Structures are given as structure tokens and as C-alpha cells.
Amino acid sequence: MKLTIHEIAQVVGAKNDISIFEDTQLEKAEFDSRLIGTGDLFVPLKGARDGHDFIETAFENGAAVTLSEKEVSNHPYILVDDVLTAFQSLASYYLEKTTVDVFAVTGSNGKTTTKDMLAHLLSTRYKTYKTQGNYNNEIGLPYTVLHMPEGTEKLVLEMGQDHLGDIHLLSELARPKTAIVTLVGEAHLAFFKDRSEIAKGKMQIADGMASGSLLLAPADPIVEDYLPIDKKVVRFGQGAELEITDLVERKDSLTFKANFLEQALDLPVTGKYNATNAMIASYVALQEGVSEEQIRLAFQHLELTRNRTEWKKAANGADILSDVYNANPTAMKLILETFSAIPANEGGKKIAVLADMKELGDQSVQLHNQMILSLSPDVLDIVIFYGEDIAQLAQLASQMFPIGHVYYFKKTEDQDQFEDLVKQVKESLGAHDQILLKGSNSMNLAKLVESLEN
Ligand SMILES: N#Cc1c(NC(=O)c2cc(S(=O)(=O)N3CCOCC3)c(Cl)cc2Cl)sc2c1CCN(Cc1ccc(-c3nn[nH]n3)cc1)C2
């Protein structure tokens, strides 16, 4: 991260006199104080708590400077109207400074996303960096940019949306050289009206691109009204310019042929969508001087990530939302908010299962308690709590919810009511229910999610 204090202040329109402080070359930028090391930039954001509360901890951990919306006594600080806007301005600047080629991709559906496939193909030739996990939003994307290893030649940025316009912002921020749009399987759509509005939002990905730049978009007509006018658009799907003409899905792998490729590709995954993802990633990689042979060998060893978190089904028909990514309090708040904003299926309830977050140190109990502000008796019919640090939150919810709408199960260094928790979830979960599970990744949460799926 080639950045100094005065340079950031310049870039973000610092409102304080920065010359008071040394112009130190910075190390990395973090919004999670646990990740701060010597020489870092702290970025205090509105999370489950406002990151301003953790500025002192950041400096104890070695931060050299912090962005801030208020004066910070006894520490170097960069005073701005809004930290996140500053963060985003900084990432956009960093892209201008490094002039890295940016590849923007939407839509993350399973265990081998277009973002991961594309980065993997570009890596054959180029120092390539990419969005890690699900860091694809107004916070994750700027973080990704600022974490790009010095010398990177190609940067693959996934861009997600929760509300229409989210992708416009990210595209205008990143100014992609090239973009890919894929459509997924909504199930239920949270803050989006219908499939058209979904497609509208995804096609904003081309908003920040220069005329004549390449955009891959599906053949599906839902995107038609939203096609850019001044980009080079290439469609993919049955009948379109890019097309899969043959496909064998085996045991645990798949072989397929794309019209524009000389030979079949082999992938060590299953599913239609993956062949499509492979195909469109391949096309772009070809445009970047990667050979078909390089692409074929590359796919012989492709990474599977965690299943990019979404909905599953229990074997009784219920809708499971298991959120494995990001075991931190803000991610807990946020998934609570998202899950809560989904309407319940006709005939069904909404159940949340919450377990202890880990590595919150001395602050663990209070940060769990903080989730009370994200729990609403109106939308959540049953909240079930599992762990030890989460006990006080369970108590708070039991006071704030109707009689009988909360359950707590103990998990300590000795006692463990996992067995009871499982029974209770099974008894409470109807065929038309929605159930959210969120905690750290434990063997038990994993055993639970599995007793439902089975
Ligand atoms: N709120 C909050 C906290 C965090 N929030 C995040 O990591 C975070 C996580 C997310 S996110 O949802 O995970 N996100 C990632 C980016 O892509 C989008 C999805 C987002 Cl959008 C935003 C934030 Cl700000 S991480 C974290 C917190 C609270 C405190 N933490 C550890 C800690 C422990 C002890 C002390 C302490 N205080 N006094 N003595 N010790 C201070 C901090 C770690």
C-alpha cells in the first residue's frame, strides 16, 4: 500500500492541519482493530459499534494514524466529514495511482465463482489480486483495493448489491477495464422489487467503464433494457455469441466445450453455472493474452471456496440461511438486518439461531449484547441462542420478546446443551419456515446445519 499520511490527507480533503504530523509511509489499512499492526491506517466505520470507539485500541495495536470525523487527542488523525466516503475516495485514488487493470464481476452463486475463476486464469501470466471472500460491497471493495499487493498487474473485483445503485457506486469508484454480469437465483430478493430491478442493478456495472470497453452480459432478455450503449457487449448463453455447445457432468467433475475455444475444458466441479462461469472467465482471459492452453492447464486445478453464503433447504422443506462468512459483530448485525427485511413465506415463521462469536477478547459479552438493537419481535418469531458469551443477549431478548419466543442453550468449557438445541430447532422448524444460523464456525453449528439438511 504505497501511501503516506500527508498523501491521504490531501486525497481525502483533510479538515485538520496535517503538517502537525510526520508524513509516514503507511503499512496497511484496517477497520477491524484486531488486524491493526505497526504503521497502519485505522478506518473507523459504522459497524455493530461505531469504529470511533476503537481508535485507542487501534493505536495500542500500533496504528500510525486514523481517519476520524472528530479530533483525536494525542494521536495523528485525518479529519473528514465521513470516514467511509474518505475510504472510498482513497481506494479510487489508489486505483488512479497504480493504474492497475480492473476486472469487475457481479454475481457469486456457489463454490467456484466467476471472480475466483477469472483471477485464477489471469494468475497464469500476471501478478493478480482479487476480492477475498465476500468483500464485494461499499466497504469490502475499497478494502480490497487498498490491500492489493505492490506490483499487482490485474485486479479482479466482485461487486455485489443490496439496493439498486450499489453497483453504480462501485463501478464509478473502480472504473473497470472489463466487466462480467451473471444472473443468479434470488429466491427472495430482500430490498429488490423484482428480477428486472435485479438485472438493472447488475448492469450498472458498466456505468464507470470507458467507451469501447468489454462487458459480458447474459443472453437472457431481462438485461436488454439496461445494456450500455457505448461499450463492446458480448452475450453468452444458448444461441448467443459465446455458447456452450456440449457438456458432460460427471461424478464430481464436468467437461464442456465453448464455441470459441479449440478444445474441451475440464473442471473439478459440478453444475451448469460453473461451465458458464468458466466460459466467460476464459473469454476475458483470452482478451488478456492468456492462451487457451494456459487456461486448460489452469482449470485442472481450481480452488473451491466456501459456498458463497446464501440459501439452502432442510430435508423438511424449510429455507436455511447459514451465514459462514465473517465471524464478527458487524457481519452478525448485517445478516440480522438482511434476514429480517425478507418477508416470511406464506404459512411460515422466521427463526434465528445465534451462537457465540469468537476472539472479541475482553469485550465479547458487551458486543453480543449490542445485537439486541438488531433483534425485532415484529419480524423474528423465535430466536434461539447457543453459547456462553451470548447469555446476556439471550436474557435481553427474553425481556424484549413475547413470552416463549426465545430459547437459550448453554455451551461452556464443561456443560453443553447441543443435544437439546438440536431437538428444539427440529421441533420449532416447520416446512415453510426460514431459519438463519450465525456464529463462529464450530463443529456443533456444523453438526446442527447438517441435522436439518438431512
Ligand atoms: N463493530 C465492530 C467490529 C468489527 N466490524 C467489522 O469487522 C466489520 C465487518 C463488516 S462485514 O460485514 O464483515 N463486511 C466485510 C467487508 O465486506 C462486506 C462485509 C463490515 Cl461491512 C464493517 C465492519 Cl466495521 S470487527 C471488531 C469489532 C468490534 C471489536 N473487535 C475486536 C475488539 C476487541 C477488544 C477491544 C477492546 N476494547 N477495550 N479493550 N479491548 C476492541 C476491539 C473487532
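Going by full-length UniProt numbering, the sequence shown opens with residue 1, and the numbers climb by one from there.
We treat Cβ as the ideally placed atom computed from N, Cα and C, and that holds for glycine.
Residue i: which of the options sits nearest, CA to CA?
i: residue 205; options: 59, 452 and 106; result: 106
i: residue 271; options: 111, 287 and 374; result: 111
i: residue 18; options: 375, 68 and 78; result: 78
i: residue 99; options: 52, 71, 251 and 150; result: 150
i: residue 396; options: 373, 415 and 454; result: 373
i: residue 245; options: 70, 279, 413 and 64; result: 279
i: residue 139; options: 88, 50 and 65; result: 88
i: residue 86; options: 35, 287, 108 and 15; result: 15
i: residue 247; options: 438, 264 and 93; result: 264
i: residue 227; options: 371, 356, 132 and 201; result: 201
i: residue 445; options: 43, 323, 341 and 97; result: 323
i: residue 216; options: 232, 447, 96 and 207; result: 232
i: residue 8; options: 92, 49, 435 and 71; result: 92
i: residue 172; options: 134, 290, 102 and 380; result: 102
i: residue 346; options: 114, 356, 318 and 355; result: 318
i: residue 381; options: 414, 339, 391 and 28; result: 339
i: residue 321; options: 435, 54 and 193; result: 435
i: residue 438; options: 309, 379, 152 and 413; result: 309
Quick one: what does DSSP say residue i is sitting in, helix, strand or coil?
i: residue 462; result: The displayed coordinates of the chain run from 1 to 454. Any statement about residue 462 would go beyond what the structure contains.
i: residue 210; result: coil
i: residue 217; result: strand
i: residue 22; result: coil
i: residue 166; result: helix
i: residue 382; result: strand
i: residue 128; result: strand
i: residue 27; result: coil
i: residue 409; result: strand
i: residue 429; result: coil
i: residue 190; result: coil
i: residue 90; result: helix
i: residue 342; result: coil
i: residue 366; result: helix
i: residue 178; result: strand
i: residue 442; result: coil
i: residue 317; result: coil
i: residue 201; result: helix
i: residue 42; result: strand
i: residue 65; result: strand
i: residue 437; result: strand
i: residue 123; result: coil
i: residue 304; result: coil
i: residue 334; result: helix
For residue i, which residues in the same chain have their Cβ closer than 8 angstroms to its Cβ, ignoring the five residues on either side in sequence?
i: residue 229; result: none
i: residue 424; result: 384, 407 and 409
i: residue 62; result: 36, 37, 38, 39 and 40
Would residue i count as contacting chain C if we go by Cβ distances under 8 angstroms?
i: residue 434; result: Looking at the structure shown, chain C is missing, and only one protein chain is on hand.
Consider the C-beta atom of residue i and the heavy atoms of ligand 3; say whether any pair is separated by less than 7 angstroms.
i: residue 34; result: With respect to ligand 3, the structure shown offers nothing to examine, as its ligands consist of ligand 1.
In terms of residue numbering, what span does the alpha helix (DSSP H) encompassing residue i cover?
i: residue 223; result: Residue 223 -> no alpha helix (DSSP H), and no H or E assigned at all.
i: residue 293; result: 292-299
i: residue 286; result: 272-287
i: residue 232; result: No alpha helix (DSSP H) contains residue 232, which is instead part of the beta strand (DSSP E) from 232-236.
i: residue 10; result: 5-12
i: residue 393; result: 391-400
i: residue 78; result: Element bounds for residue 78: not the alpha helix (DSSP H) but the beta strand (DSSP E), 77-79.
Which residues in the same chain as residue i place their Cβ atom closer than 7 angstroms to its Cβ, once the five residues preceding and following it in sequence are excluded?
i: residue 23; result: 4, 5 and 6
i: residue 119; result: 128, 130 and 156
i: residue 57; result: 33
i: residue 298; result: 120, 121 and 124
i: residue 337; result: 374
The beta strand (DSSP E) with residue i in it runs from where to where?
i: residue 101; result: 101-105
i: residue 352; result: 350-355
i: residue 158; result: 154-158
i: residue 253; result: Taken as a continuous stretch (DSSP letters only), residue 253 belongs to no beta strand (DSSP E), as it is neither H nor E.
i: residue 71; result: Neither: residue 71 is in no beta strand (DSSP E) and is coded neither H nor E.
i: residue 248; result: 244-249
i: residue 266; result: 265-267
So, for residue i: in the same chain, excluding its five sequence neighbours on each side, which residues have a beta-carbon less than 6 angstroms away from its beta-carbon?
i: residue 401; result: 377
i: residue 137; result: 160
i: residue 170; result: 141 and 159
i: residue 259; result: 243 and 245
i: residue 290; result: 121, 124 and 125
i: residue 273; result: 109
i: residue 440; result: 327, 357 and 358
For the segment 117-127 against the segment 307-316, are there 3 or more C-beta pairs whose distance is under 8 angstroms?
no
Inter-stretch contact at 8 angstroms, needing at least 3 Cβ pairs: the segment 141-148 / the segment 156-164
yes
With a cut-off of 8 angstroms, do at least 3 Cβ pairs link the segment 241-256 to the segment 181-188?
no
Using a Cβ distance threshold of 8 angstroms, determine whether the segment 375-391 contacts the segment 402-415, with at least three qualifying pairs required.
yes
Is the number of C-beta pairs between the segment 424-435 and the segment 345-359 that are closer than 8 angstroms three or more?
yes
Evaluate contact between the segment 292-308 and the segment 255-271, counting only Cβ atoms and requiring at least three cross-stretch pairs below 8 angstroms.
yes
Are the segment 356-370 and the segment 329-342 touching, with three or more C-beta to C-beta distances below 8 angstroms?
yes
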